[PDB]
Amino acid sequence: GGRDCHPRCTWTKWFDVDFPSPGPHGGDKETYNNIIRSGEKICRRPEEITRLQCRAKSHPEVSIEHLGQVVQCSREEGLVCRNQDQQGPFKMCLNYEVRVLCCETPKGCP
Ligand SMILES: [Ca+2]
Ligand SMILES: [Cl-]
């Protein structure tokens, strides 16, 4: 047809709505649920979450694996880190942040 129909995609800002506290039930839960309930906007209504990125807030360039940290960065949910999953004897998550790629397909497009 006469239109470029590939999705238009825009990254959100980075969100950091939770901060870890110590103990076996602490962690850092940067889920879309928590982000929205913190007053933050993620995507607009027409757009769909297409990609998630995750990083340590105060160590933004490093692979999280090199910190020995056990985290999940899932497109459906956001980032979850649980203190109980980390190595001891001080079992604790670092502070993470996330950002989202929001994509919207133009009108009348397969
Ligand atoms: Ca956080
Ligand atoms: Cl870094």
Side-chain angles (χ1 to χ4, degrees), residues 1-2 4-7 9-43 46-47 49-74 77-86 88-89 91-106 108-110:
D4 181 359
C5 291
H6 86 277
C9 296
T10 300
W11 289 96
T12 62
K13 71 174 208 113
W14 290 92
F15 304 105
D16 184 3
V17 299
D18 185 24
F19 194 85
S21 63
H25 290 295
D28 198 31
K29 315 310 181 43
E30 302 293 336
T31 60
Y32 304 148
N33 190 33
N34 288 338
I35 293 168
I36 298 292
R37 294 186 188 235
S38 296
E40 307 284 344
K41 182 172 71 172
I42 296 170
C43 296
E47 323 177 301
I49 316 201
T50 294
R51 179 65 55 180
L52 177 64
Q53 293 179 336
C54 306
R55 71 192 181 186
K57 180 88 173 274
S58 294
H59 305 292
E61 306 278 6
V62 307
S63 73
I64 294 169
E65 337 314 320
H66 281 129
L67 280 166
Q69 293 259 302
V70 174
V71 300
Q72 165 149 225
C73 184
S74 65
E77 152 153 275
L79 174 143
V80 173
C81 183
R82 299 171 175 170
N83 293 342
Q84 69 183 179
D85 289 342
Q86 320 301 327
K91 275 182 73 113
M92 159 156 210
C93 293
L94 296 174
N95 189 33
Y96 296 89
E97 62 183 342
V98 298
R99 68 167 189 171
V100 174
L101 184 74
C102 297
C103 295
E104 49 146 334
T105 313
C109 298

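Each ligand, and each atom within it, is numbered from 1 in the order the structure gives. Side-chain atoms are counted along with the backbone in the values below, which use heavy atoms only and exclude waters and symmetry mates. Residue numbers start at 1 and run along the sequence shown.
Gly78 approaches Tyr32 most closely through the heavy-atom pair N-CZ, 3.7 Å. Annotation for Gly27 and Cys93: closest pair CA-SG, 3.9 Å, computed over non-hydrogen atoms.
For the pair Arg55 and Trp14, the cation-pi criterion (under 6.0 Å, within 45° of the ring axis) is fulfilled.
Counting only protein N, O or S atoms, 7 lie closer than 3.0 Å to the Ca ion (ligand 1).
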Let me have the donor-acceptor pairs involving side chains of residues 57-64, under 3.5 Å, with sequence neighbours excluded, atom names and distances please.
unit_1: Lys57; atom_1: NZ; unit_2: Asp16; atom_2: OD2; d: 2.7
unit_1: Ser63; atom_1: OG; unit_2: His66; atom_2: ND1; d: 2.7

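If you take CG on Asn34 and CG on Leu79, they are separated by 11.0 Å, rounding to the nearest 0.5 Å. Taking OG1 of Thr12 as the reference point, atom CD of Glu47 lies at 10.0 Å (rounded to 0.5 Å).
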